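Visitor: Dropping in data-v3.txt, which is compact mmCIF, C-alpha atoms and all ligand atoms:
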# COMPACT_ATOMS: atom_id res chain seq x y z
CA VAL A 1 -20.44 6.73 -8.23
CA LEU A 2 -22.61 5.25 -5.46
CA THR A 3 -20.12 6.58 -2.88
CA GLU A 4 -19.39 10.33 -2.84
CA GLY A 5 -15.65 10.74 -3.58
CA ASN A 6 -14.81 7.14 -2.53
CA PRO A 7 -15.77 4.54 -5.20
CA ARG A 8 -14.70 0.90 -4.74
CA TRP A 9 -12.97 -1.10 -7.49
CA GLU A 10 -15.65 -2.89 -9.55
CA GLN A 11 -12.96 -4.99 -11.28
CA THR A 12 -11.85 -8.33 -9.78
CA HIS A 13 -8.32 -7.81 -11.20
CA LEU A 14 -5.96 -4.82 -10.72
CA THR A 15 -2.62 -3.69 -12.22
CA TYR A 16 0.18 -1.59 -10.68
CA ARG A 17 3.49 -0.07 -11.84
CA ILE A 18 6.43 1.43 -9.89
CA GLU A 19 7.60 4.70 -11.48
CA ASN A 20 11.09 4.50 -9.92
CA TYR A 21 13.08 2.80 -7.13
CA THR A 22 14.43 4.89 -4.23
CA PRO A 23 18.30 4.91 -4.13
CA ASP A 24 18.00 4.04 -0.42
CA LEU A 25 17.45 0.37 -1.39
CA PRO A 26 17.80 -1.53 -4.74
CA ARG A 27 14.79 -2.84 -6.72
CA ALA A 28 15.25 -6.50 -5.72
CA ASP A 29 14.47 -5.69 -2.07
CA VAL A 30 11.68 -3.24 -2.98
CA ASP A 31 10.04 -5.56 -5.54
CA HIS A 32 9.95 -8.34 -2.93
CA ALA A 33 8.26 -6.07 -0.36
CA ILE A 34 5.69 -4.82 -2.91
CA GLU A 35 5.16 -8.32 -4.38
CA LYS A 36 4.91 -9.97 -0.94
CA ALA A 37 2.22 -7.45 0.09
CA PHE A 38 0.05 -8.17 -2.99
CA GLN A 39 0.34 -11.91 -2.27
CA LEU A 40 -1.02 -11.43 1.27
CA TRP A 41 -4.15 -9.71 -0.09
CA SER A 42 -4.65 -12.18 -2.97
CA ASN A 43 -4.03 -15.15 -0.64
CA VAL A 44 -7.35 -14.43 1.19
CA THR A 45 -9.32 -12.99 -1.79
CA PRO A 46 -10.03 -14.21 -5.39
CA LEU A 47 -8.49 -10.90 -6.53
CA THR A 48 -5.54 -11.05 -8.95
CA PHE A 49 -2.76 -8.44 -9.46
CA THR A 50 -0.33 -7.93 -12.36
CA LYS A 51 2.63 -5.55 -12.76
CA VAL A 52 2.61 -3.60 -16.07
CA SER A 53 5.68 -1.88 -17.58
CA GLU A 54 3.61 0.19 -20.06
CA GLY A 55 0.23 1.98 -20.11
CA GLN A 56 -1.40 3.64 -17.07
CA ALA A 57 -1.82 1.17 -14.17
CA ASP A 58 -4.78 1.22 -11.75
CA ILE A 59 -2.36 1.80 -8.83
CA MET A 60 0.76 3.91 -9.53
CA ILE A 61 3.58 3.92 -6.93
CA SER A 62 6.25 6.65 -6.87
CA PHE A 63 8.70 8.27 -4.40
CA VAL A 64 8.66 12.10 -3.94
CA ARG A 65 10.73 14.74 -2.08
CA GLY A 66 9.66 18.12 -0.64
CA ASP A 67 6.94 19.74 -2.78
CA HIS A 68 5.94 17.58 -5.79
CA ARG A 69 3.03 19.53 -7.35
CA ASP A 70 0.67 18.58 -4.48
CA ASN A 71 -1.24 20.43 -1.73
CA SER A 72 0.40 18.32 1.04
CA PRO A 73 4.22 18.77 1.05
CA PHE A 74 6.27 16.92 3.71
CA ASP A 75 7.71 19.10 6.53
CA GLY A 76 10.97 17.23 7.27
CA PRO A 77 10.94 13.96 9.28
CA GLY A 78 7.77 15.33 10.95
CA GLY A 79 4.24 15.19 9.49
CA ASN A 80 2.86 12.08 7.75
CA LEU A 81 5.27 9.42 6.41
CA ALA A 82 3.27 8.74 3.22
CA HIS A 83 -0.13 9.38 1.60
CA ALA A 84 -2.34 8.53 -1.40
CA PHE A 85 -5.60 9.44 -3.19
CA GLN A 86 -8.97 7.68 -2.82
CA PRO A 87 -9.41 4.82 -5.37
CA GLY A 88 -10.74 6.59 -8.49
CA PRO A 89 -9.82 7.62 -12.07
CA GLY A 90 -7.21 10.30 -12.85
CA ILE A 91 -4.76 10.72 -9.95
CA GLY A 92 -7.02 8.43 -7.87
CA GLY A 93 -5.31 5.13 -6.93
CA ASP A 94 -1.88 6.83 -6.96
CA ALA A 95 0.26 6.47 -3.80
CA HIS A 96 3.40 8.47 -2.89
CA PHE A 97 6.05 7.54 -0.28
CA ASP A 98 8.11 10.03 1.76
CA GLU A 99 11.66 9.74 0.35
CA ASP A 100 13.11 12.20 2.90
CA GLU A 101 13.51 9.33 5.41
CA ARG A 102 15.77 6.29 4.84
CA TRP A 103 13.80 3.08 4.16
CA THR A 104 15.03 -0.27 5.57
CA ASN A 105 14.11 -3.97 5.07
CA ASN A 106 14.12 -4.88 8.79
CA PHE A 107 12.92 -3.64 12.21
CA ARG A 108 15.17 -0.57 11.86
CA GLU A 109 13.88 3.04 11.95
CA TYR A 110 10.96 2.31 9.54
CA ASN A 111 9.66 -0.81 7.73
CA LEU A 112 8.97 -0.16 4.02
CA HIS A 113 6.90 -3.34 3.56
CA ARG A 114 4.65 -2.43 6.52
CA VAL A 115 3.94 0.99 4.96
CA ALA A 116 3.30 -0.42 1.46
CA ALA A 117 0.76 -2.86 2.94
CA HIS A 118 -0.98 0.07 4.67
CA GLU A 119 -1.11 2.20 1.49
CA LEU A 120 -2.68 -0.73 -0.38
CA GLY A 121 -5.41 -0.88 2.30
CA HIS A 122 -6.29 2.73 1.41
CA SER A 123 -6.29 1.80 -2.30
CA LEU A 124 -8.49 -1.23 -1.51
CA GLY A 125 -11.02 1.11 0.18
CA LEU A 126 -10.10 -0.10 3.69
CA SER A 127 -10.35 2.76 6.24
CA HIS A 128 -8.43 3.01 9.54
CA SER A 129 -9.53 0.70 12.40
CA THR A 130 -9.16 0.67 16.22
CA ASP A 131 -7.90 -2.94 16.28
CA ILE A 132 -4.34 -3.26 17.64
CA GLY A 133 -3.56 -6.14 15.23
CA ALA A 134 -4.80 -4.06 12.26
CA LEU A 135 -1.93 -2.79 10.08
CA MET A 136 -4.09 0.19 9.11
CA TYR A 137 -2.88 1.91 12.31
CA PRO A 138 -3.39 5.74 12.00
CA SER A 139 0.05 6.81 13.35
CA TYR A 140 3.22 4.73 12.80
CA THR A 141 4.04 2.23 15.59
CA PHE A 142 6.08 -0.97 16.14
CA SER A 143 4.00 -4.15 15.65
CA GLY A 144 5.08 -7.78 16.18
CA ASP A 145 5.22 -9.90 13.00
CA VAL A 146 3.62 -8.57 9.79
CA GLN A 147 0.37 -10.55 9.29
CA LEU A 148 -3.23 -9.67 8.35
CA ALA A 149 -5.67 -9.64 11.30
CA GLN A 150 -9.16 -11.19 11.30
CA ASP A 151 -10.70 -7.69 11.18
CA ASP A 152 -8.74 -6.92 7.99
CA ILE A 153 -9.46 -10.34 6.46
CA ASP A 154 -13.22 -10.13 7.14
CA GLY A 155 -13.28 -6.50 5.93
CA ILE A 156 -11.76 -7.11 2.46
CA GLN A 157 -13.53 -10.48 2.12
CA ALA A 158 -16.85 -8.93 3.17
CA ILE A 159 -16.57 -6.26 0.44
CA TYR A 160 -15.89 -8.86 -2.31
CA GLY A 161 -16.20 -12.32 -0.72
CA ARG A 162 -14.14 -15.18 0.78
CA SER A 163 -11.52 -16.98 -1.30
CA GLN A 164 -13.54 -20.16 -1.89
CA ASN A 165 -10.45 -21.62 -3.61
CA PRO A 166 -7.45 -22.08 -1.25
CA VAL A 167 -5.40 -24.08 -3.79
CA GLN A 168 -1.68 -23.48 -3.11
CA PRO A 169 -0.23 -25.13 -6.30
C1 LIG A 201 2.05 1.34 8.33
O1 LIG A 201 0.85 2.12 8.29
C2 LIG A 201 1.00 3.52 8.29
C3 LIG A 201 1.07 4.26 7.03
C4 LIG A 201 1.23 5.71 7.03
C5 LIG A 201 1.31 6.44 8.27
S1 LIG A 201 1.44 8.21 8.23
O2 LIG A 201 2.07 8.69 9.42
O3 LIG A 201 1.92 8.63 6.95
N1 LIG A 201 -0.19 8.94 8.31
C6 LIG A 201 -0.82 8.94 9.68
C7 LIG A 201 -0.80 10.21 10.52
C8 LIG A 201 0.43 10.94 10.75
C9 LIG A 201 0.45 12.15 11.54
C10 LIG A 201 -0.78 12.60 12.10
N2 LIG A 201 -1.98 11.93 11.90
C11 LIG A 201 -1.98 10.76 11.13
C12 LIG A 201 -0.96 8.91 7.02
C13 LIG A 201 -1.68 7.56 6.83
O4 LIG A 201 -2.63 7.20 7.54
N3 LIG A 201 -1.23 6.80 5.85
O5 LIG A 201 -1.82 5.57 5.60
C14 LIG A 201 -1.84 10.12 6.58
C15 LIG A 201 -1.75 11.32 7.51
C16 LIG A 201 -1.52 10.62 5.17
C17 LIG A 201 1.24 5.72 9.53
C18 LIG A 201 1.09 4.27 9.54
CA CA A 202 8.06 12.72 7.52
ZN ZN A 203 3.09 12.92 -2.71
ZN ZN A 204 -3.55 5.50 6.73
Could you spell out this file's structure in structure tokens?
Ligand SMILES: COc1ccc(S(=O)(=O)N(Cc2cccnc2)[C@@H](C(=O)NO)C(C)C)cc1
Ligand SMILES: [Ca+2]
Ligand SMILES: [Zn+2]
Ligand SMILES: [Zn+2]
Guide:
Amino acid sequence: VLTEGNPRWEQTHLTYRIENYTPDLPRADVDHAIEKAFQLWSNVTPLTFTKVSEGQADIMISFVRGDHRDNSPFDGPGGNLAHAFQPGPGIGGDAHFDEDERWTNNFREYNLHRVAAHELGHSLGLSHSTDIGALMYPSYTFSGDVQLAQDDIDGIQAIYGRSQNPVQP
């Protein structure tokens, strides 16, 4: 409410649910990529995530093709590779992935885990940055290893706070 059309999550815990797995890759590989991404964000923040198989989740993930009842249809391999809505009630928090391209689990054409991590940044209220090491890169590019940069760590920690509890066990 304080922000016009871009409210932050007032909850310290969030839930998510995958509507379906793309036939390009099984669920074991996709669950790992989605689960690994949540761990990276929780590792540096006291935030906690939990997958729900029933009820509406705060962040819904689904794959779409061509027009899917939206005002931004994909135009072939060109255009954006994925998109989402600002964090808010209703369709807000939802995130769609372009299923017209083939997803891979390596440095092949595109990295699914790298894109999922970027979509979460949008759901976490993180905007694009001009830092080369920031995963929130506007266009798609090839980065070295997948790791959070100091700018991203300070940004999410600044909004909520620092994880004053680095207990691995
Ligand atoms: C790995 O991180 C990334 C995630 C998504 C993309 S994306 O090409 O789909 N894209 C960036 C874009 C494309 C074309 C022209 N202007 C801007 C969306 C975007 O920024 N998504 O986060 C946007 C246009 C909907 C790029 C990188
Ligand atoms: Ca495309
Ligand atoms: Zn969509
Ligand atoms: Zn983006």
Visitor: To one decimal place, how far is atom CA of residue A:33 from atom CA of residue A:114 in Å?
Guide: 8.6 Å
Visitor: Could you give me the residues within 8 Å of ligand ZN 203 (chain A), counting all atoms listed in the file, as a PyMOL selection string?
Guide: chain A and resi 63-65+67-68+70+72-73+82-84+95-98
Visitor: Ligand LIG 201 (chain A): which residues are within 10 Å, counting all atoms listed in the file? Reply as number ranges by chain.
Guide: A: 72, 74, 78-85, 95-98, 110-123, 127-128, 134-143
Visitor: Tell me which of A:27, A:102, A:69, A:17 sits closest to residue A:53, counting only C-alpha atoms.
Guide: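 Using only C-alpha atoms, the shortest distance to residue A:53 belongs to A:17.
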Visitor: Identify which of the residues A:14, A:37, A:2, A:124 lies closest to ligand ZN 204 (chain A), counting only C-alpha atoms and all ligand atoms when measuring atom-to-atom distances.
Guide: A:124
Visitor: In Å to one decimal, how far is atom CA of residue A:42 from atom CA of residue A:13?
Guide: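 Result for atom CA of residue A:13 versus atom CA of residue A:42: 10.0 Å, one decimal.
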Visitor: Using only C-alpha atoms and all ligand atoms, can you tell me which of A:54, A:77, A:159, A:30 comes closest to ligand CA 202 (chain A)?
Guide: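 Looking at the shortest contact to ligand CA 202 (chain A), the residue is A:77.
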Visitor: Around stretch 33-51 of chain A, fit a box with edges along x, y and z, padding it by 4 Å on each side, then list its centre and edge lengths in Å to one decimal as lines of an AutoDock Vina configuration file.
Guide:
center_x = -0.9
center_y = -10.0
center_z = -5.7
size_x = 26.3
size_y = 18.3
size_z = 22.0
Visitor: How many Å lie between atom CA of residue A:47 and atom CA of residue A:146, rounded to one decimal?
Guide: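 If I compute the distance from atom CA of residue A:47 to atom CA of residue A:146, I get 20.5 Å.
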Visitor: For a quick check of understanding, using all atoms listed in the file, which of A:169, A:155, A:5, A:125 has the smallest distance to ligand ZN 204 (chain A)?
Guide: A:125
Visitor: Of the residues A:167, A:158, A:132, A:18, which is the one nearest to residue A:60, using only C-alpha atoms?
Guide: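 Of A:167, A:158, A:132, A:18, the one nearest residue A:60, counting only C-alpha atoms, is A:18.
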Visitor: Let me make sure I understand: among A:66, A:46, A:93, A:166, which one has the smallest atom-to-atom distance to ligand CA 202 (chain A) if we use only C-alpha atoms and all ligand atoms?
Guide: A:66
Visitor: If you take all atoms listed in the file and a cut-off of 9 Å, which residues of stretch 58-122 of chain A touch stretch 6-11 of chain A, and what are their nearest atom pairs and distances in Å to one decimal, in chain and number order, as a Markdown table?
Guide:
| residue | atom | partner | partner_atom | distance |
| --- | --- | --- | --- | --- |
| A:86 | CA | A:6 | CA | 5.9 |
| A:87 | CA | A:7 | CA | 6.4 |
| A:88 | CA | A:7 | CA | 6.4 |
Visitor: Using only C-alpha atoms, please write the residues we just selected to a file, as a JSON list (two decimals), keeping the file's coordinate frame.
Guide:
[["chain", "number", "residue", "atom", "x", "y", "z"],
["A", 86, "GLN", "CA", -8.97, 7.68, -2.82],
["A", 87, "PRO", "CA", -9.41, 4.82, -5.37],
["A", 88, "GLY", "CA", -10.74, 6.59, -8.49]]
